[PDB]
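Enquirer: Pasting in a structure now, in structure tokens, and then I'll have a few things to ask.
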Amino acid sequence: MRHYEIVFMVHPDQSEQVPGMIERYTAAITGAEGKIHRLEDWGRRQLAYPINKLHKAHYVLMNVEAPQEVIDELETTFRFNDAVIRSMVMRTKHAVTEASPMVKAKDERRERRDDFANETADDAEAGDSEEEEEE
Amino acid sequence: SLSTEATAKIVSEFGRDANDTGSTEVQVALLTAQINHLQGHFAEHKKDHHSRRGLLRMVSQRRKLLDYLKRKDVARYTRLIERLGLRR
Amino acid sequence: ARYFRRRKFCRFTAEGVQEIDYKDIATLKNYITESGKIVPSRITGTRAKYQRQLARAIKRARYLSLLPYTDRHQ
Amino acid sequence: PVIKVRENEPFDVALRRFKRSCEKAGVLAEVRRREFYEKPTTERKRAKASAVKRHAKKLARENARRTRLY
Amino acid sequence: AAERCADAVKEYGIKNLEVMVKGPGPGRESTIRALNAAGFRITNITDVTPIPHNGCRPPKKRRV
RNA sequence: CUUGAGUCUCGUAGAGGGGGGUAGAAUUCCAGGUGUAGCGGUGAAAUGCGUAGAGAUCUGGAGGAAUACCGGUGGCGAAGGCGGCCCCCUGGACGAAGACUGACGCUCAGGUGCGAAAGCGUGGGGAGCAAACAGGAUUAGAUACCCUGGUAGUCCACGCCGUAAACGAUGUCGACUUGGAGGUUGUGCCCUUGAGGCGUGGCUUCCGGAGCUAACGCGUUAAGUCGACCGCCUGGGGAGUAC
């Protein structure tokens, strides 16, 4: 099998309803003798054009070992979902060995790389736990 | 474009030597298996004239190594066409 | 004596052979200005192979909506 | 036009030296022209080329200055 | 233009400005100097010219 | 036979190609709030945009085209050419090591594929610029420079004659072989010699002995030497025009 990496997006209203998605995707990869090496949240990002009449949306990142056809299959699942509103999937990628790696990139998102339309607190109920003494 | 497993299956029981990939027949079997992936590419990628030119290069060389085998024996050349399936 | 004080991706052959990766958008922030421009090799602290590889990852993250790309946003 | 600044209302400090968006600015390189593989270094050698009496006079000043024979 | 605009807002009881500027034109600091000299207090000057990631084909003046 | 040439494994750089997908930003455009008669365009303004509510500023909405920085004489392409992000497929290159085949090779008229751009048929599209067309200004004159507007065109998918400063000036292939300096890039080994060096292999730029040089210069990639094969020219106009 292959090391993979997955990005996918949901609305801001769904940024604390994304762990319920990550449960199913995890269970697809663990079902396949694959393992989750990292799970991470990139938070709310600002959009050049409204999707379904709203200017912002929520990004998440997973980092895995999985068979490549699982991540073929999962890139297609995002692309067939209307709640999952855009993805990118990329071949031959792995997690960091670091704990809480993502907190420093959450910090970058809330500062210069959104337009901060929505509270930090709902988007942070996704992905990597912000253990600030590990990072 | 070539699988490793087709190449492996050729040299499994052909080839004049330990780690032979080079015997006349095995060159042309490996080029046929290359062609078979590229034929199915340019079938749908009709405006890919990189791939068109690469396909041309392979079939010319394979015809020159079939010819090299027909220069040895004409029946052994037509046995290589037999074992690789080419033409009607 | 042996060994001497190396520079970023220096004194070795088998580092920065393959690309410097985009997922660390916090590290990528280091290599952009306050107008979302790329900084060249002499500024990232790296040599030609590694800067070409940085500039692909920097590009990637900004057009993925993960890294700053101007002083402005909407 | 004005860039961004730590300054208290700069308008009485005659800054122009960085104070552009396009006007002698770096983004003027693809704005409003063709690609030119040769031009942008050719046009340096050409611009310099005609003022040769004034060029040669500074060179001659420096050769006469440099020798400590006066 | 800065002096007539300083007069234009006199009744709204503003005195404190910051400044934003766009466009290629030279109306970018002589304007500010006469703006401050028409009884207002400037504290910041910032650019708001939009710059692209390549973008679309530019307008043409003098067929350039 | 392995040395030319061919073949796979395997290390690896890449703006190579085709199919599809995509993000943010911008050039453009509208409404309306707020505001109130201005806006716009040069050499000159006129043409053009307004007051019937613009321009400007805020906020909402709409389209179609392209990737600034990075960036290197760099890397890649069959040539034409190739630079934001994802998948999928895919041609070529480059390289530490494994070997292998056993001259299987080289050229190439004719042949076969591609071939910047302009144009254009087909279906979709019309932001930007702008042939056409429409309108404007200057001057003694102005069909132009300059300006307003803008269809086609470009652009997406498909098809059509193919040509170019396809000036990256030097036909392809092989051997022989001056030296130096620069750039780039794969990799084994190590005091990883300092800086990574060094060997090693490819690309590439300049400089340059000898050679070659009407002349510029070129110069081992010879504007060199020797060979195979192949293209072009044969004064100028008539003319790639006529037939």
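Residues in the structure tokens are named by chain (A, B, ... in the order shown) and by number from 1 within that chain; ligands are numbered from 1 in the order shown.
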Identify, with DSSP run on backbone atoms, the residues in chain D assigned to alpha helix (DSSP H), and express the list as a PyMOL selection string.

Expert: chain D and resi 39-48+52-66

Enquirer: So that I can check the surroundings of residue 39 in chain C, please list as a list in words every protein, DNA and RNA residue that reaches within 12 Å of it, counting only C-alpha atoms (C1' of nucleotides) and ignoring chain neighbours fewer than 2 positions away.

Expert: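 Close residues of residue 39 in chain C: residues 28, 29, 30, 31, 32, 33, 34, 35, 36, 37, 41, 42, 43, 44, 45, 46, 51, 52, 54, 55, 58 and 59 of chain C; 69, 70 and 71 of chain F.
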
Enquirer: Would you give me, as a PyMOL selection string, the residues of chain A that come within 7 Å of chain F, using only C-alpha atoms (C1' of nucleotides)?

Expert: chain A and resi 48+88-90

Enquirer: Please measure the separation of CA of residue 30 in chain A and CA of residue 8 in chain A, giving the value in Å to one decimal.

Expert: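 Here the two named atoms are 18.7 Å from each other.
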
Enquirer: Could you name the residues that touch residue 16 in chain B at 12 Å or less, counting only C-alpha atoms (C1' of nucleotides), but leaving out those on the same chain fewer than 3 positions away, as a PDB file with N, CA, C and O atoms (P, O5', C5', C4', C3', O3' and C1' of nucleotides), in the first residue's frame?

Expert:
ATOM      1  N   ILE B  10       7.617 -12.661 -19.015  1.00  0.00           N
ATOM      2  CA  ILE B  10       8.423 -12.954 -20.200  1.00  0.00           C
ATOM      3  C   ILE B  10       9.735 -13.649 -19.797  1.00  0.00           C
ATOM      4  O   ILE B  10      10.046 -14.705 -20.340  1.00  0.00           O
ATOM      5  N   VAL B  11      10.554 -13.010 -18.952  1.00  0.00           N
ATOM      6  CA  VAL B  11      11.878 -13.509 -18.568  1.00  0.00           C
ATOM      7  C   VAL B  11      11.832 -14.675 -17.567  1.00  0.00           C
ATOM      8  O   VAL B  11      12.872 -15.289 -17.324  1.00  0.00           O
ATOM      9  N   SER B  12      10.675 -14.918 -16.931  1.00  0.00           N
ATOM     10  CA  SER B  12      10.368 -16.121 -16.159  1.00  0.00           C
ATOM     11  C   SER B  12      10.811 -17.402 -16.877  1.00  0.00           C
ATOM     12  O   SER B  12      11.428 -18.250 -16.232  1.00  0.00           O
ATOM     13  N   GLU B  13      10.543 -17.525 -18.191  1.00  0.00           N
ATOM     14  CA  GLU B  13      10.821 -18.745 -18.948  1.00  0.00           C
ATOM     15  C   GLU B  13      11.418 -18.500 -20.341  1.00  0.00           C
ATOM     16  O   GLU B  13      11.817 -19.475 -20.978  1.00  0.00           O
ATOM     17  N   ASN B  19      19.145 -12.851 -15.424  1.00  0.00           N
ATOM     18  CA  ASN B  19      18.752 -11.454 -15.629  1.00  0.00           C
ATOM     19  C   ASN B  19      18.845 -10.984 -17.099  1.00  0.00           C
ATOM     20  O   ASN B  19      19.062  -9.801 -17.373  1.00  0.00           O
ATOM     21  N   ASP B  20      18.665 -11.917 -18.052  1.00  0.00           N
ATOM     22  CA  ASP B  20      18.433 -11.563 -19.443  1.00  0.00           C
ATOM     23  C   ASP B  20      17.083 -10.864 -19.510  1.00  0.00           C
ATOM     24  O   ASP B  20      16.054 -11.417 -19.124  1.00  0.00           O
ATOM     25  N   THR B  21      17.117  -9.704 -20.158  1.00  0.00           N
ATOM     26  CA  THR B  21      15.980  -8.931 -20.629  1.00  0.00           C
ATOM     27  C   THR B  21      16.170  -8.600 -22.125  1.00  0.00           C
ATOM     28  O   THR B  21      15.534  -7.680 -22.634  1.00  0.00           O
ATOM     29  N   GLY B  22      17.158  -9.235 -22.775  1.00  0.00           N
ATOM     30  CA  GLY B  22      17.864  -8.734 -23.941  1.00  0.00           C
ATOM     31  C   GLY B  22      17.777  -9.657 -25.151  1.00  0.00           C
ATOM     32  O   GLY B  22      17.957  -9.162 -26.259  1.00  0.00           O
ATOM     33  N   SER B  23      17.552 -10.971 -24.974  1.00  0.00           N
ATOM     34  CA  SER B  23      17.272 -11.903 -26.070  1.00  0.00           C
ATOM     35  C   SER B  23      16.252 -11.324 -27.058  1.00  0.00           C
ATOM     36  O   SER B  23      15.320 -10.647 -26.637  1.00  0.00           O
ATOM     37  N   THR B  24      16.376 -11.682 -28.347  1.00  0.00           N
ATOM     38  CA  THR B  24      15.696 -11.011 -29.460  1.00  0.00           C
ATOM     39  C   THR B  24      14.177 -10.998 -29.252  1.00  0.00           C
ATOM     40  O   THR B  24      13.552  -9.938 -29.283  1.00  0.00           O
ATOM     41  N   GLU B  25      13.621 -12.187 -28.983  1.00  0.00           N
ATOM     42  CA  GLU B  25      12.218 -12.422 -28.683  1.00  0.00           C
ATOM     43  C   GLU B  25      11.707 -11.596 -27.496  1.00  0.00           C
ATOM     44  O   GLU B  25      10.565 -11.144 -27.527  1.00  0.00           O
ATOM     45  N   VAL B  26      12.524 -11.444 -26.443  1.00  0.00           N
ATOM     46  CA  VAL B  26      12.101 -10.881 -25.166  1.00  0.00           C
ATOM     47  C   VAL B  26      12.054  -9.348 -25.247  1.00  0.00           C
ATOM     48  O   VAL B  26      11.159  -8.754 -24.654  1.00  0.00           O
ATOM     49  N   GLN B  27      12.991  -8.710 -25.962  1.00  0.00           N
ATOM     50  CA  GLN B  27      12.892  -7.339 -26.460  1.00  0.00           C
ATOM     51  C   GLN B  27      11.556  -7.018 -27.140  1.00  0.00           C
ATOM     52  O   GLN B  27      11.015  -5.939 -26.922  1.00  0.00           O
TER      53      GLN B  27
ATOM     54  P     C F 100      25.848 -10.245 -18.003  1.00  0.00           P
ATOM     55  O5'   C F 100      24.558 -10.265 -18.949  1.00  0.00           O
ATOM     56  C5'   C F 100      23.510 -11.197 -18.780  1.00  0.00           C
ATOM     57  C4'   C F 100      22.308 -10.803 -19.637  1.00  0.00           C
ATOM     58  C3'   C F 100      22.748 -10.830 -21.096  1.00  0.00           C
ATOM     59  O3'   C F 100      22.732 -12.159 -21.572  1.00  0.00           O
ATOM     60  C1'   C F 100      21.379  -8.926 -20.557  1.00  0.00           C
ATOM     61  P     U F 101      23.609 -12.669 -22.834  1.00  0.00           P
ATOM     62  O5'   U F 101      22.859 -12.108 -24.129  1.00  0.00           O
ATOM     63  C5'   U F 101      21.571 -12.562 -24.447  1.00  0.00           C
ATOM     64  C4'   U F 101      20.898 -11.595 -25.409  1.00  0.00           C
ATOM     65  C3'   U F 101      21.605 -11.541 -26.753  1.00  0.00           C
ATOM     66  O3'   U F 101      20.988 -12.541 -27.551  1.00  0.00           O
ATOM     67  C1'   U F 101      21.159  -9.340 -25.939  1.00  0.00           C
ATOM     68  P     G F 102      21.839 -13.552 -28.456  1.00  0.00           P
ATOM     69  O5'   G F 102      22.694 -12.607 -29.408  1.00  0.00           O
ATOM     70  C5'   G F 102      22.155 -11.898 -30.500  1.00  0.00           C
ATOM     71  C4'   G F 102      23.179 -10.850 -30.943  1.00  0.00           C
ATOM     72  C3'   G F 102      24.431 -11.467 -31.588  1.00  0.00           C
ATOM     73  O3'   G F 102      24.942 -10.473 -32.467  1.00  0.00           O
ATOM     74  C1'   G F 102      24.937 -10.378 -29.544  1.00  0.00           C
TER      75        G F 102
END

Enquirer: Would you give me, as a Markdown table, each residue of chain D having an atom within 12 Å of an atom of chain F, along with its shortest atom pair and that distance in Å to one decimal, using only C-alpha atoms (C1' of nucleotides) and sorting by chain and residue number?

Expert:
| residue | atom | partner | partner_atom | distance |
| --- | --- | --- | --- | --- |
| D:26 | CA | F:68 | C1' | 9.5 |
| D:27 | CA | F:68 | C1' | 6.9 |
| D:28 | CA | F:68 | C1' | 10.0 |
| D:29 | CA | F:68 | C1' | 9.4 |
| D:30 | CA | F:68 | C1' | 8.3 |
| D:31 | CA | F:68 | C1' | 9.8 |
| D:32 | CA | F:129 | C1' | 10.6 |
| D:37 | CA | F:168 | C1' | 10.6 |
| D:38 | CA | F:168 | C1' | 11.5 |

Enquirer: Now that the selection is made, can you save its residues with N, CA, C and O atoms as a PDB file, in the first residue's frame?

Expert:
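For reference, part-v5.pdb as written:
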ATOM      1  N   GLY D  26       7.541  46.754 -10.000  1.00  0.00           N
ATOM      2  CA  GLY D  26       7.923  45.431 -10.478  1.00  0.00           C
ATOM      3  C   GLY D  26       6.848  44.717 -11.314  1.00  0.00           C
ATOM      4  O   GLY D  26       7.215  43.887 -12.146  1.00  0.00           O
ATOM      5  N   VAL D  27       5.552  45.045 -11.147  1.00  0.00           N
ATOM      6  CA  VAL D  27       4.467  44.373 -11.872  1.00  0.00           C
ATOM      7  C   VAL D  27       4.300  44.904 -13.315  1.00  0.00           C
ATOM      8  O   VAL D  27       3.646  44.248 -14.125  1.00  0.00           O
ATOM      9  N   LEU D  28       5.046  45.957 -13.691  1.00  0.00           N
ATOM     10  CA  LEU D  28       5.093  46.546 -15.030  1.00  0.00           C
ATOM     11  C   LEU D  28       5.788  45.627 -16.065  1.00  0.00           C
ATOM     12  O   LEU D  28       5.943  46.012 -17.223  1.00  0.00           O
ATOM     13  N   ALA D  29       6.389  44.516 -15.604  1.00  0.00           N
ATOM     14  CA  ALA D  29       7.134  43.558 -16.416  1.00  0.00           C
ATOM     15  C   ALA D  29       6.260  42.691 -17.328  1.00  0.00           C
ATOM     16  O   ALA D  29       6.753  42.280 -18.377  1.00  0.00           O
ATOM     17  N   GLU D  30       4.975  42.480 -17.003  1.00  0.00           N
ATOM     18  CA  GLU D  30       4.060  41.701 -17.837  1.00  0.00           C
ATOM     19  C   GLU D  30       2.848  42.532 -18.281  1.00  0.00           C
ATOM     20  O   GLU D  30       2.333  42.291 -19.373  1.00  0.00           O
ATOM     21  N   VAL D  31       2.454  43.548 -17.498  1.00  0.00           N
ATOM     22  CA  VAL D  31       1.546  44.622 -17.890  1.00  0.00           C
ATOM     23  C   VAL D  31       1.933  45.234 -19.249  1.00  0.00           C
ATOM     24  O   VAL D  31       3.034  45.763 -19.405  1.00  0.00           O
ATOM     25  N   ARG D  32       0.936  45.310 -20.141  1.00  0.00           N
ATOM     26  CA  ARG D  32       0.909  46.084 -21.382  1.00  0.00           C
ATOM     27  C   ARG D  32       2.059  45.865 -22.396  1.00  0.00           C
ATOM     28  O   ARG D  32       2.242  46.726 -23.258  1.00  0.00           O
ATOM     29  N   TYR D  37      12.086  37.639 -25.316  1.00  0.00           N
ATOM     30  CA  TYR D  37      13.182  36.820 -24.803  1.00  0.00           C
ATOM     31  C   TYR D  37      14.482  37.644 -24.678  1.00  0.00           C
ATOM     32  O   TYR D  37      15.099  37.618 -23.614  1.00  0.00           O
ATOM     33  N   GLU D  38      14.758  38.530 -25.654  1.00  0.00           N
ATOM     34  CA  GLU D  38      16.025  39.258 -25.748  1.00  0.00           C
ATOM     35  C   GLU D  38      15.929  40.683 -25.174  1.00  0.00           C
ATOM     36  O   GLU D  38      16.740  41.021 -24.305  1.00  0.00           O
TER      37      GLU D  38
END

Enquirer: Need to verify the contact set: residue 77 in chain F, 12 Å, only C-alpha atoms (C1' of nucleotides), exclusion of same-chain residues closer than 6 positions in sequence. Can you return it as a count of residues only?

Expert: 9

Enquirer: Select, as a PyMOL selection string, those residues of chain E with any atom no more than 8 Å from chain F (distances computed using only C-alpha atoms (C1' of nucleotides)).

Expert: chain E and resi 50-60+62

Enquirer: Can you write just those residues out, N, CA, C and O atoms, as a PDB file, in the first residue's frame?

Expert:
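The new file part.pdb reads:
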ATOM      1  N   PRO E  50      -5.770  47.218  -6.115  1.00  0.00           N
ATOM      2  CA  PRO E  50      -5.846  45.771  -6.270  1.00  0.00           C
ATOM      3  C   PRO E  50      -4.744  45.284  -7.219  1.00  0.00           C
ATOM      4  O   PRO E  50      -4.616  45.831  -8.315  1.00  0.00           O
ATOM      5  N   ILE E  51      -3.937  44.295  -6.792  1.00  0.00           N
ATOM      6  CA  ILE E  51      -2.903  43.698  -7.649  1.00  0.00           C
ATOM      7  C   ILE E  51      -3.251  42.219  -7.887  1.00  0.00           C
ATOM      8  O   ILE E  51      -3.880  41.602  -7.024  1.00  0.00           O
ATOM      9  N   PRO E  52      -2.979  41.684  -9.096  1.00  0.00           N
ATOM     10  CA  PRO E  52      -3.446  40.365  -9.485  1.00  0.00           C
ATOM     11  C   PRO E  52      -2.497  39.217  -9.170  1.00  0.00           C
ATOM     12  O   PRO E  52      -1.302  39.419  -8.943  1.00  0.00           O
ATOM     13  N   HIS E  53      -3.032  38.009  -9.391  1.00  0.00           N
ATOM     14  CA  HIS E  53      -2.229  36.846  -9.695  1.00  0.00           C
ATOM     15  C   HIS E  53      -2.483  36.635 -11.183  1.00  0.00           C
ATOM     16  O   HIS E  53      -3.537  36.128 -11.568  1.00  0.00           O
ATOM     17  N   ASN E  54      -1.537  37.162 -11.973  1.00  0.00           N
ATOM     18  CA  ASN E  54      -1.584  37.484 -13.402  1.00  0.00           C
ATOM     19  C   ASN E  54      -2.819  38.297 -13.856  1.00  0.00           C
ATOM     20  O   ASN E  54      -2.658  39.430 -14.307  1.00  0.00           O
ATOM     21  N   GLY E  55      -4.031  37.740 -13.736  1.00  0.00           N
ATOM     22  CA  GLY E  55      -5.315  38.388 -13.955  1.00  0.00           C
ATOM     23  C   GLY E  55      -5.750  38.287 -15.419  1.00  0.00           C
ATOM     24  O   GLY E  55      -5.406  37.331 -16.113  1.00  0.00           O
ATOM     25  N   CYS E  56      -6.522  39.282 -15.873  1.00  0.00           N
ATOM     26  CA  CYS E  56      -6.981  39.475 -17.250  1.00  0.00           C
ATOM     27  C   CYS E  56      -6.149  40.498 -18.028  1.00  0.00           C
ATOM     28  O   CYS E  56      -5.439  41.310 -17.434  1.00  0.00           O
ATOM     29  N   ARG E  57      -6.295  40.473 -19.362  1.00  0.00           N
ATOM     30  CA  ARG E  57      -5.594  41.323 -20.314  1.00  0.00           C
ATOM     31  C   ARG E  57      -5.887  42.808 -19.999  1.00  0.00           C
ATOM     32  O   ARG E  57      -7.048  43.172 -19.798  1.00  0.00           O
ATOM     33  N   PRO E  58      -4.844  43.657 -19.887  1.00  0.00           N
ATOM     34  CA  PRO E  58      -4.930  45.060 -19.493  1.00  0.00           C
ATOM     35  C   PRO E  58      -5.615  45.952 -20.543  1.00  0.00           C
ATOM     36  O   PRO E  58      -5.568  45.633 -21.734  1.00  0.00           O
ATOM     37  N   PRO E  59      -6.189  47.103 -20.132  1.00  0.00           N
ATOM     38  CA  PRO E  59      -6.589  48.162 -21.054  1.00  0.00           C
ATOM     39  C   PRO E  59      -5.382  48.777 -21.781  1.00  0.00           C
ATOM     40  O   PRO E  59      -4.256  48.727 -21.280  1.00  0.00           O
ATOM     41  N   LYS E  60      -5.644  49.400 -22.942  1.00  0.00           N
ATOM     42  CA  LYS E  60      -4.628  49.989 -23.811  1.00  0.00           C
ATOM     43  C   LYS E  60      -4.814  51.494 -23.989  1.00  0.00           C
ATOM     44  O   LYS E  60      -5.890  51.968 -24.352  1.00  0.00           O
ATOM     45  N   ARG E  62      -2.264  54.666 -25.795  1.00  0.00           N
ATOM     46  CA  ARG E  62      -1.213  54.887 -26.794  1.00  0.00           C
ATOM     47  C   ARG E  62      -0.790  53.596 -27.522  1.00  0.00           C
ATOM     48  O   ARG E  62       0.350  53.462 -27.966  1.00  0.00           O
TER      49      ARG E  62
END

Enquirer: Per residue of chain E within 9 Å of chain D, which atom pair is closest and at what distance in Å (one decimal), using only C-alpha atoms, listed by chain and increasing number, as JSON lines?

Expert:
{"residue": "E:18", "atom": "CA", "partner": "D:9", "partner_atom": "CA", "distance": 8.3}
{"residue": "E:19", "atom": "CA", "partner": "D:9", "partner_atom": "CA", "distance": 8.6}
{"residue": "E:20", "atom": "CA", "partner": "D:2", "partner_atom": "CA", "distance": 8.2}
{"residue": "E:21", "atom": "CA", "partner": "D:1", "partner_atom": "CA", "distance": 6.4}
{"residue": "E:22", "atom": "CA", "partner": "D:1", "partner_atom": "CA", "distance": 6.4}
{"residue": "E:23", "atom": "CA", "partner": "D:1", "partner_atom": "CA", "distance": 7.2}
{"residue": "E:24", "atom": "CA", "partner": "D:23", "partner_atom": "CA", "distance": 6.7}
{"residue": "E:25", "atom": "CA", "partner": "D:1", "partner_atom": "CA", "distance": 8.0}
{"residue": "E:26", "atom": "CA", "partner": "D:1", "partner_atom": "CA", "distance": 7.8}
{"residue": "E:27", "atom": "CA", "partner": "D:1", "partner_atom": "CA", "distance": 8.7}
{"residue": "E:28", "atom": "CA", "partner": "D:1", "partner_atom": "CA", "distance": 6.0}
{"residue": "E:29", "atom": "CA", "partner": "D:11", "partner_atom": "CA", "distance": 5.1}
{"residue": "E:30", "atom": "CA", "partner": "D:11", "partner_atom": "CA", "distance": 6.8}
{"residue": "E:31", "atom": "CA", "partner": "D:11", "partner_atom": "CA", "distance": 8.6}
{"residue": "E:32", "atom": "CA", "partner": "D:11", "partner_atom": "CA", "distance": 6.2}
{"residue": "E:33", "atom": "CA", "partner": "D:11", "partner_atom": "CA", "distance": 5.4}
{"residue": "E:36", "atom": "CA", "partner": "D:9", "partner_atom": "CA", "distance": 8.5}
{"residue": "E:41", "atom": "CA", "partner": "D:9", "partner_atom": "CA", "distance": 8.6}
{"residue": "E:42", "atom": "CA", "partner": "D:9", "partner_atom": "CA", "distance": 5.5}
{"residue": "E:43", "atom": "CA", "partner": "D:8", "partner_atom": "CA", "distance": 5.3}
{"residue": "E:44", "atom": "CA", "partner": "D:9", "partner_atom": "CA", "distance": 5.5}
{"residue": "E:45", "atom": "CA", "partner": "D:9", "partner_atom": "CA", "distance": 6.1}
{"residue": "E:46", "atom": "CA", "partner": "D:4", "partner_atom": "CA", "distance": 4.6}
{"residue": "E:47", "atom": "CA", "partner": "D:3", "partner_atom": "CA", "distance": 4.9}
{"residue": "E:48", "atom": "CA", "partner": "D:3", "partner_atom": "CA", "distance": 8.4}
{"residue": "E:49", "atom": "CA", "partner": "D:21", "partner_atom": "CA", "distance": 6.9}
{"residue": "E:50", "atom": "CA", "partner": "D:21", "partner_atom": "CA", "distance": 8.9}
{"residue": "E:51", "atom": "CA", "partner": "D:21", "partner_atom": "CA", "distance": 8.0}
{"residue": "E:54", "atom": "CA", "partner": "D:30", "partner_atom": "CA", "distance": 8.3}
{"residue": "E:57", "atom": "CA", "partner": "D:32", "partner_atom": "CA", "distance": 8.1}
{"residue": "E:58", "atom": "CA", "partner": "D:32", "partner_atom": "CA", "distance": 6.2}
{"residue": "E:59", "atom": "CA", "partner": "D:32", "partner_atom": "CA", "distance": 7.8}
{"residue": "E:60", "atom": "CA", "partner": "D:32", "partner_atom": "CA", "distance": 7.2}
{"residue": "E:63", "atom": "CA", "partner": "D:32", "partner_atom": "CA", "distance": 8.9}
{"residue": "E:64", "atom": "CA", "partner": "D:32", "partner_atom": "CA", "distance": 5.6}

Enquirer: Set the cut-off to 9 Å and count only C-alpha atoms: what are the residues of chain C that reach chain E? Output as a short mmCIF file (atom, residue, chain, number, x, y, z; two decimals) with N, CA, C and O atoms, in the first residue's frame.

Expert:
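Dumped to result-v3.cif:
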data_model
loop_
_atom_site.label_atom_id
_atom_site.label_comp_id
_atom_site.auth_asym_id
_atom_site.auth_seq_id
_atom_site.Cartn_x
_atom_site.Cartn_y
_atom_site.Cartn_z
N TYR C 69 -1.82 35.27 -0.13
CA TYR C 69 -1.45 35.52 -1.53
C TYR C 69 -1.57 36.99 -1.93
O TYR C 69 -1.02 37.37 -2.97
N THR C 70 -2.17 37.84 -1.08
CA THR C 70 -1.98 39.28 -1.11
C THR C 70 -2.20 39.83 0.31
O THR C 70 -2.75 39.13 1.17
N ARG C 72 -4.63 41.69 0.79
CA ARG C 72 -6.08 41.77 0.70
C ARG C 72 -6.78 40.43 0.54
O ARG C 72 -6.24 39.48 -0.05
#

Enquirer: Could you please select, counting only C-alpha atoms, the residues of chain A within 7 Å of chain C and state them as an MDAnalysis selection string?

Expert: chainID A and resid 45:46 104:105 108 112:113 115

Enquirer: Mind pulling up the distance from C1' of residue 94 in chain F to CA of residue 28 in chain B?

Expert: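 A separation of 24.9 Å between them.
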
Enquirer: Give me the residues near residue 16 in chain C as a list in words, where near means some atom within 8 Å (using only C-alpha atoms (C1' of nucleotides)) and where sequence neighbours in that chain fewer than 3 positions away do not count.

Expert: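 Residues meeting the cut-off are residues 9, 19, 20, 49 and 50 of chain C.
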
Enquirer: By how many Å are CA of residue 57 in chain D and CA of residue 41 in chain D apart?

Expert: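 Taking CA of residue 57 in chain D as the start and CA of residue 41 in chain D as the end point, the length is 25.3 Å.
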